[PDB]
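Return atomic coordinates for the entry below.
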Amino acid sequence: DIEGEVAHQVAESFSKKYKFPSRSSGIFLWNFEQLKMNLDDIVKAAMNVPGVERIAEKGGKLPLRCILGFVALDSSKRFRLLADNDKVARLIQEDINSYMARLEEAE
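Numbering: from 1, shown residues only. See the structure here:
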């Protein structure tokens, strides 16, 4: 259901590469596939991200880069070695602010 909707959207973009702040100064690319996690575990972990329940319940577009960022920080040594961890945390916040605003904003 709600979790099923998150599972769908994640599955649909499973190998899709998003961009993140690198340890140095650039960016690097990462996808859900690279988490080496089951879809269930990823959905479970995605539920921790603020706004994900609300958006999925409406069938809206989920913040998948933000979601993947959060899950990667929480579960992935490799991602953590590759990333500016603090910068990703800030990036998580900015995505949430953007998507939550979209629910309130003019169309």
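
Please identify which helix or strand holds the nearest residue to residue 30 once chain neighbours are set aside.
Of all residues not flanking residue 30 in the chain, residue 20 sits nearest, at 5.7 Å (C-beta to C-beta, 6 or more residues apart in numbering). Placement of C-beta: from N, CA and C, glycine included. Assessed by DSSP states H and E, residue 20 sits inside strand 18-21.

List of residues touching that strand?
The contact list for strand 18-21, computed with C-beta atoms under 8 Å, 6 or more residues apart in numbering, reads 27-31, 64-65, 68-69, 79, 82-84, 87-88, 91.

For whichever helix or strand comes after that strand, what is the distance to the chain centroid?
Where DSSP H and E defines the elements, the next helix or strand beyond strand 18-21 is strand 27-30. With C-alpha atoms, centre = their mean, to the nearest Å as the basis, strand 27-30 stands 13 Å off its chain's centre.

Can you name the residues bridging to residue 27?
Beta bridges link residue 27 to residue 21, judged by DSSP bridges.

Could you list which residues are in contact with the residue nearest to residue 16 when sequence neighbours are not counted?
Nearest residue to residue 16 in three dimensions, chain neighbours excluded: residue 31, at 5.9 Å (C-beta to C-beta, 6+ apart). For residue 31, the contacting residues are 13, 14, 15, 16, 17, 18, 68, by C-beta under 8 Å, 6+ apart.

can you tell me which of the residues you listed are in helices?
Cross-referencing the contacts of residue 31 against helices under DSSP state H gives residue 68.

Would you show me how to pick out the buried ones of the contacts of residue 31 in ChimeraX?
This is how ChimeraX selects the buried members of the contacts of residue 31, with burial counted by 16 or more other C-beta atoms under 10 Å:
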select :13,18,68
